[PDB]
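Trainee: Dropping the structure in here first, questions after.
There are 2 protein chains.
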Amino acid sequence: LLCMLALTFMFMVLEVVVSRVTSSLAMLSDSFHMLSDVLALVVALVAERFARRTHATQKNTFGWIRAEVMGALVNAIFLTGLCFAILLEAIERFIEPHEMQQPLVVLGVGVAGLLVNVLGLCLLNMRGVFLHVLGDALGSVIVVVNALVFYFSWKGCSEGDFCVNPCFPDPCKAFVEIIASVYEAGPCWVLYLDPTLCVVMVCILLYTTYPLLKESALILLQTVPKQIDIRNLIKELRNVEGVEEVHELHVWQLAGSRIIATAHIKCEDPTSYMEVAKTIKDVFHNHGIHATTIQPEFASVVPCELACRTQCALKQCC
Amino acid sequence: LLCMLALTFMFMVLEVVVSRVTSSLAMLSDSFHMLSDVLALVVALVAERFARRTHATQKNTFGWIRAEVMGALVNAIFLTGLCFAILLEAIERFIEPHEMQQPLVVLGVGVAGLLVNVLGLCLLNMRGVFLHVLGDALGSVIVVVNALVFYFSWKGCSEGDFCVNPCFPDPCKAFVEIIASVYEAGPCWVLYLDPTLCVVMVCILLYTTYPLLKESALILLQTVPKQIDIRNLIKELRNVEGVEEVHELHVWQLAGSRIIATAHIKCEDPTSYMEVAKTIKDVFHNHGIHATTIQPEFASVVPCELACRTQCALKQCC
Ligand SMILES: CC(C)CCC[C@@H](C)[C@H]1CC[C@H]2[C@@H]3CC=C4C[C@@H](OC(=O)CCC(=O)O)CC[C@]4(C)[C@H]3CC[C@]12C
Ligand SMILES: CC(C)CCC[C@@H](C)[C@H]1CC[C@H]2[C@@H]3CC=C4C[C@@H](OC(=O)CCC(=O)O)CC[C@]4(C)[C@H]3CC[C@]12C
Ligand SMILES: CC(C)CCC[C@@H](C)[C@H]1CC[C@H]2[C@@H]3CC=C4C[C@@H](OC(=O)CCC(=O)O)CC[C@]4(C)[C@H]3CC[C@]12C
Ligand SMILES: [Zn+2]
Ligand SMILES: [Zn+2]
Ligand SMILES: [Zn+2]
Ligand SMILES: [Zn+2]
Ligand SMILES: [Zn+2]
Ligand SMILES: [Zn+2]
Ligand SMILES: [Zn+2]
Ligand SMILES: [Zn+2]
C-alpha cells in the first residue's frame, strides 16, 4: 500500500504545483483525480487500521467500522467540489483564453504520469484496481495528446512582429499596437482544446464517481439494502406461529455486508418463548440479515404495549 | 425562506460571474461562502419537506430524518473543497502576482453585498442567524476594504508612459525594453494584499465550519451522543434485580434528539418479564434514550443464547 502510496503522493505534489504554475486545466483535472486516488488509499489504510481491532469503544459502541464508507463518501464529494471549481475555471477560460506556457514540460509530466500508471499496473479483486489504473492512464494520455496537438499546431510567435490574432486579446495593448512583420498565429483549433477537453475530463470523472457517491450516501442514510426485500420479509414475519402481528420494524445496513434488524413482536403465551425466537432467528438468517434484536410485547388499540407516556412523539423513532 | 433564497442565489450568480471576470480571490471566497449559505438553506428546505410527511417507506424504513444532517455534512465538505481550491489559487498568486482589473466594479459589488447583508439583518433560534449574517457582513467588509485600499494606494501605469515595475513581470517585457519615469506606489501593500486577505478569509471560514463538520461526522458515524454516558448506563442496567448480565448493548443517535438503544438482556421467571421490561423502559427514559428494543434471552459457556449457525465473517457486530 505505502510502497505505491508514497510515489503517488509525491507525484501528485509535483504535478499539482507544476500544473497550476503552467495553468493548464486538463493537467489540473488529472492531478485532482490522482489526488482523489491517493486520498482513497489513505482512507482505505485508515479504515483497515481502525477495523483491525474494533471493540466496544467508550465513544463508539458499534466501533469505527463505517470509516471506509464515510471515507469513500468524503473522497467522492471532495472530488465533486474540486471538479466544480475546475469547471468554473474552464468557463472563465472560455471568457478569456490563455495560451499554454511551455509544451515541453507538459509533455514531460504527461509521459511521467503514463510511466507512473505503467508501474502501477504491475503492482475482480485486482481487476477493479487495474481498471482504475487504466482510467488514470487514459487521463494521462488525454493530457499527452492535448500537449501534442498544442505543440504541433500552435506556431505562435516569440518576436515583436504582429503575430497575435484578434481571437486572443493582445497583452498590454501590444504596446498601443506598436504605436512590424505580418504573421498569423495558429488556427482556430487551439487555445480552446485545453478547456473543451477538460470539460470532457470533468464530465467523465463525475459520471464515474456518481454511482459510488450515491451508494455511499444510501449506506450512510438509514436505507434498507436492495438485496433485502422489506415487503417479503414483513409478510413472512406475519405468517408465523404464535405471533399475532409485528410493528416497529427497522432494517438498515451498517457497513459492507453486516445488516442489523429491529422489530417488536407479541406472543399469546409467555410460557415456551424459546423455539419461537429461534424461528425468528432462522427466518431472518434465511434472508441476508444476520444480526437481529426482537423485543416481545407479551399479551388493545394501543400499537405497542411498551411506550413511555411522557414521550416526545418525535424522539420515539417513527 | 424562498424570498431570501432567490435574492441570495441571484446575487451569488452575479458575484461569482463578475469575480471570475475580474479575478479577485477575496471576492471569490466570499461568493463561495454565500454559495455555502444558500446551499444550506436549500438542504434545510428539502429536509423540512421530507420530514413533514415522514413515513416507513419501503426503501427507507426509518425515514429520511437524517436528510438535514447529511445536507449539513455535504455543505461543510463542499465548502472545504472549494476552500482548498482557494488555497491553491492563493499559493499561485504568491508565485505570480496579478493586479486587480477594475477597482470600481469591485467596490460596487462589495457595497452591494454589504446591502444584501443589511437586508438579511432586516429580515438562540434567531441569534444564530444574526451571528451568521454578521459574519457574512464581516466578510463583505473585508472584501470592500481590500477594494478600497487597492484603489487608493495603487498607482499602476495606464498610458504609454514609462513605468518601471520590478514587482510584477511586465507583459512582453514591455516591448522588449522598448526595442516620464513614473514609479508605482507601495507594491508590498497593494499586490500581495488580496491573496493574504483571501487566506485570512478562508482560514476563518475553515475555523467556523470545522465544528459543524465534526458534529455531523460524529452523528453519521454510529457514535454515542455526548449527553448520554454509556458506562453509567450499563452500570445501572447491570444493577437491576431482574437481569443478571447485559450484553450486546448498542446506542446511537438518529438525528437531532432521537436516540435508539439496543440490548440483549438475560432473565429468569418468564411469567414476570413485563415487570422487568417496565423497569428497563423507566431507566432508559431516565436518560435521553427514548426508543429501545430490549430483547430478553431467557434462560454461561455461550454469551448470547441466540446466534447465527455459521456467523460467517462475523458480520454481526461484536
Ligand atoms: C488532501 C487534503 C484534504 C488533506 C488531507 C489530510 C489527511 C491526511 C488528514 C485530514 C483529516 C485527518 C484526520 C483527522 C482526525 C484524526 C483523529 C486522530 O485521533 C486523535 O488522536 C484524536 C484526538 C482528539 O481530537 O481528541 C488521529 C488522526 C486522524 C484520523 C487524522 C488523520 C489524517 C487526516 C485524514
Ligand atoms: C457539461 C457541464 C455543464 C457539466 C454537466 C454536469 C451534469 C449535467 C452531469 C454530470 C454527471 C451527470 C450524471 C452522471 C450519471 C448519471 C446516472 C444515470 O443513470 C443512473 O441514475 C444510474 C446509472 C447506473 O448506475 O447504471 C442518470 C444520469 C446521471 C445522474 C447524470 C446526470 C447529469 C450529470 C449530473
Ligand atoms: C490556511 C492554511 C494554510 C492552513 C489551515 C489550517 C487549519 C486547518 C487549522 C489551523 C488552526 C486549526 C484549529 C486550531 C484549534 C482547534 C480547536 C480544537 O477544536 C475543539 O475545540 C475540539 C475540542 C473541544 O471539544 O473543545 C481542535 C480543532 C481546531 C478548531 C483546529 C481546526 C483546524 C485549524 C483551523
Ligand atoms: Zn484513478
Ligand atoms: Zn445469520
Ligand atoms: Zn412495540
Ligand atoms: Zn420517552
Ligand atoms: Zn420506529
Ligand atoms: Zn454566511
Ligand atoms: Zn444477546
Ligand atoms: Zn454488537
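Here the protein sequences come in this chain order: B and A. Counted the way the entry's author numbering counts, the first sequence spans residues 11 to 133, 243 to 298, 303 to 422, 429 to 447. Counted the way the entry's author numbering counts, the second sequence spans residues 11 to 133, 243 to 298, 303 to 422, 429 to 447. Just so you know, even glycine gets a beta-carbon here, dropped at the ideal spot from N, CA and C.
#1: I want to know whether the segment 61–74 of chain B touches the segment 341–348 of chain B - three or more CB-CB distances under 8 Å.
#2: Among 364/A, 380/A and 354/A, which has the Cα closest to the Cα of residue 372/A?
#3: Going by the DSSP bridge assignment, what does residue 386/B pair with across the sheet?
#4: From 352/A, 123/A, 289/A and 130/A, pick the residue whose C-alpha is nearest to that of residue 14/A; which is it?
#5: Count the C-beta pairs between the segment 243–258 of chain B and the segment 287–294 of chain B that are closer than 8 Å, then say yes if the count reaches three, no if not.
#6: Between the segment 339–371 of chain B and chain A, which residues of the former have CB atoms less than 8 Å from a CB of the latter, in chain order?
#7: Residues in its own chain within less than 6 Å of residue 117/B by CB, not counting five upstream and five downstream?
#8: With H, G and I counted as helix, E and B as strand and the rest as coil, what does DSSP make of residue 410/B?
#9: Using beta carbons (cut-off 8 Å, strictly below), is residue 273/A in contact with chain B?
#10: Return yes when the Cβ of residue 109/A is within less than 8 Å of the Cβ of residue 316/A, no when it is not.
#11: Could you give the residue range of the alpha helix (DSSP H) that holds residue 360/A?
#12: Taking residue 349/B as the reference, give the member of 323/B, 379/B and 363/B with the closest Cα.
#13: Roughly how many angstroms separate the alpha carbons of residue 434/B and residue 420/B, rounded to a whole number?
#14: Tell me whether the beta-carbon of residue 115/B lies closer than 8 Å to the beta-carbon of residue 32/B.
#15: Could you tell me whether the segment 404–420 of chain B touches the segment 16–34 of chain A, using the rule of 3 or more Cβ pairs below 8 Å?
#16: Could you tell me if the beta carbon of residue 52/A falls within a distance shorter than 7 Å of some heavy atom in ligand 3?
#17: Can you name the residues of chain B whose CB is closer than 9 Å to the CB of residue 254/A?
#18: Which residues mark the beginning and the end of the beta strand (DSSP E) in which residue 372/A is found?
#19: Ordered along the chain, which non-local residues of its own chain (more than five positions away) have a Cβ less than 7 Å from that of residue 437/A?
#20: Report the partner residues of residue 281/B according to the DSSP bridge assignment.
#21: Any C-beta of chain A within less than 8 Å: which residues of the segment 381–396 of chain B qualify?
#22: Can you look up residue 63/A in the DSSP assignment and give me helix, strand or coil?
#23: Could you give the DSSP three-state label for residue 246/A: helix, strand or coil?
#24: Do we get a CB-CB distance below 8 Å when we pair residue 265/A with the residues of chain B?
#25: Which residues in chain A have a C-beta closer than 7 Å to the C-beta of residue 37/B? List them in chain order.
#26: With a threshold of 16 other CB atoms inside 10 Å of the CB of residue 334/B, please say whether the residue is buried or exposed.
#27: Identify, in the order they occur along the chain, each residue of the same chain with its Cβ nearer than 6 Å to the Cβ of residue 324/B, setting aside the five sequence neighbours on each side.
#28: What number of angstroms, rounded off, separates the C-alpha of residue 403/A from the C-alpha of residue 400/B?
#29: With hydrogens ignored, establish whether the beta-carbon of residue 288/A is closer than 7 Å to any heavy atom of ligand 2.
#30: Taking only the alpha-carbon atoms, compute the straight-line gap between residue 362/A and residue 360/B and give it to the nearest angstrom.
#31: Where does residue 103/B fall in DSSP's three states?
#32: Is the beta carbon of residue 40/B within less than 7 Å of some heavy atom of ligand 4?
#33: With a cut-off of 8 Å on the beta carbons, I'd call residue 414/B and residue 383/B a contact; round off their distance for me.
#34: In three-state DSSP terms, what is residue 30/A?
#35: In terms of alpha-carbon separation, which member of 429/B, 395/B and 439/B lies closest to residue 422/A?
#36: Along the alpha helix (DSSP H) that carries residue 324/B, what are the first and last residues, could you check?
Mentor: This is what the structure holds:
#1: Contact between the segment 61–74 of chain B and the segment 341–348 of chain B is absent: fewer than three C-beta pairs spanning the two stretches fall below 8 Å.
#2: Taking only the C-alpha atoms, the option nearest residue 372/A is 354/A.
#3: Listed as beta-bridge partners of residue 386/B by DSSP are 417/B.
#4: Nearest neighbour of residue 14/A by Cα position, chosen from 352/A, 123/A, 289/A and 130/A, turns out to be 130/A.
#5: Cβ pair count under 8 Å is below three, so no.
#6: If the cut-off is 8 Å between Cβ atoms, the segment 339–371 of chain B has 340, 343, 344, 345, 346, 347, 353, 354 and 371 near chain A.
#7: The beta carbon of residue 117/B sits closer than 6 Å to those of 266, all from its chain and outside the five residues before and after it, given in chain order.
#8: Three-state DSSP puts residue 410/B in coil, outside helix and strand.
#9: Not closer than 8 Å to any Cβ of chain B, the Cβ of residue 273/A fails to qualify, so no.
#10: No; because the gap between Cβ atoms is not below 8 Å, this pair is not in contact.
#11: For residue 360/A, the uninterrupted alpha helix (DSSP H) run begins and ends at 353–361, by DSSP.
#12: Looking at the Cα atoms, 379/B is the closest of the given residues.
#13: C-alpha of residue 434/B to C-alpha of residue 420/B: approximately 6 Å in a straight line.
#14: Contact flag set, yes.
#15: No, they do not touch.
#16: No, the beta carbon of residue 52/A sits no closer than 7 Å to any heavy atom of ligand 3.
#17: From the beta-carbon of residue 254/A, no residue of chain B is found nearer than 9 Å; the closest lies around 21 Å away.
#18: Element bounds for residue 372/A: 366–376.
#19: Same-chain partners within the cutoff: 445.
#20: The beta-bridge partner set that DSSP reports for residue 281/B consists of 305/B.
#21: Listed by position, the residues of the segment 381–396 of chain B near chain A (Cβ gap below 8 Å) are 381, 382, 383, 385, 386, 387, 393, 394 and 396.
#22: Annotated three-state conformation of residue 63/A is coil, per DSSP.
#23: Here residue 246/A sits in helix by DSSP.
#24: Residue-level contact by beta carbon fails for residue 265/A and chain B, as no gap is shorter than 8 Å.
#25: Those within 7 Å of residue 37/B in chain A number zero; the least Cβ separation is about 13 Å.
#26: The residue is exposed, with fewer than 16 neighbouring Cβ atoms inside 10 Å.
#27: Hits under 6 Å: 36 and 39.
#28: Rounded to whole angstroms, residue 403/A to residue 400/B spans 20 Å at the Cα level.
#29: Result no, Cβ not under 7 Å from ligand 2.
#30: Straight-line measurement puts the Cα of residue 360/B at about 34 Å from the Cα of residue 362/A.
#31: Reduced to three states, the DSSP call for residue 103/B is helix.
#32: At a cut-off of 7 Å, the beta-carbon of residue 40/B does not count as near ligand 4: no heavy atom of the ligand is closer than that.
#33: Beta-carbon to beta-carbon, residue 414/B and residue 383/B are separated by about 5 Å, close enough to satisfy the 8 Å threshold.
#34: Correct three-state label for residue 30/A: helix.
#35: Minimum Cα distance to residue 422/A is reached at 395/B.
#36: Unbroken alpha helix (DSSP H) run through residue 324/B: 316–343.
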